[PDB]
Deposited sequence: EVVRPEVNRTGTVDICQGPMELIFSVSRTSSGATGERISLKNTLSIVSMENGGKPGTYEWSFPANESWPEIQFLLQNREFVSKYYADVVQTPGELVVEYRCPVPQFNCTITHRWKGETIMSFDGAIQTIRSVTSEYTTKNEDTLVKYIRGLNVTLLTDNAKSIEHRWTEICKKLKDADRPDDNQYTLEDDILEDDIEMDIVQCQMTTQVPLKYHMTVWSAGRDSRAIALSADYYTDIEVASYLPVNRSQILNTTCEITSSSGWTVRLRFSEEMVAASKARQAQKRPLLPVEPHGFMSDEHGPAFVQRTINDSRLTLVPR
């Protein structure tokens, strides 16, 4: 455990600018399912994992299955299962994602297969990217049944109600975003059998689902490891044990702050 050095220069207002809600609905070959709601600069705030109850964080409203945004997700779970069942003929994850300006809700929808975009729709242009064989023996006509996704009437009927709720949620997220309350770790001695080489681990634990970018730099800054949040953030750098000192870790948030940790001579001595 290590104490953060908080560089706040380049701080942004996460609740500033136009509001955007991101609805992500995924399915794998196993039958694993996910439904998530995020904001523009956040990871998942409300989620449902393999058909469980809507889950969230202790700094926000309890997640309610009767909320019109979650009813939207549940309808999509159904849609994606039917979708998955005709089209998908090789194993892999299918992701349908709505990017929704609020209070309209003229949404963009992206379809990803194994992380790649196979289709999209901005309500003006439908796009199919030509890679079908990769994941199906069915043709573009089948695919185009699903391209537009589901109607968003549930969202637009309650458009304003949804807005004031997620403005409230973002405001709670901003209040919870306290960099000094996250937990920070700088572990060495991960290669116990290697006499000359070691791995330096940097980890952060948080209950705030902002996007995080973690870089572990070597002493000379000629070697780095990069991780992104997925809520644990962890990254691992191979290092020479005689150059473990001054190896740093830098973490930047989606709210604009930057934490740096340093492997000090205090920590070298105790090792």
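Stretches of the deposited sequence lacking C-alpha coordinates, numbered from 1: 1, 232 to 236, 278 to 319.
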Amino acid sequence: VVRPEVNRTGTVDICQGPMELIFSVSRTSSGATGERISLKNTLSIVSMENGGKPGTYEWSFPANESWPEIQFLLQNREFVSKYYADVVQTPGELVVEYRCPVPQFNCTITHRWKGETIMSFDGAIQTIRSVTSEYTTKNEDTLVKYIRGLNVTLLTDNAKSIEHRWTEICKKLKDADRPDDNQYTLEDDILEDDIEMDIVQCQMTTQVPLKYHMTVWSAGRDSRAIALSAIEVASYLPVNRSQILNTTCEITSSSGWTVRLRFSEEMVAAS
From here on, numbers count along this sequence of modelled residues.
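With 6 to 14 and 247 to 255 compared on mean CA B-factor from the PDB entry, the stretch scoring higher is 6 to 14. Annotation for 57 to 65 versus 40 to 48: the higher mean temperature factor (C-alpha) is found in 57 to 65.
In the PDB entry, the Cα temperature factor peaks, among 116, 196, 78, 97, at 196. For residue 19, the recorded CA B-factor ranks within the highest third of the chain. Only modelled residues enter the ranking.
Split the chain's modelled residues into thirds by C-alpha temperature factor. Residue 242 is in the highest one. When the CA B factors of the chain's modelled residues are split into thirds, the value for residue 135 lands in the highest one. When the CA B factors of the chain's modelled residues are split into thirds, the value for residue 219 lands in the lowest one.
For residue 176, the recorded CA temperature factor ranks within the middle third of the chain's modelled residues.
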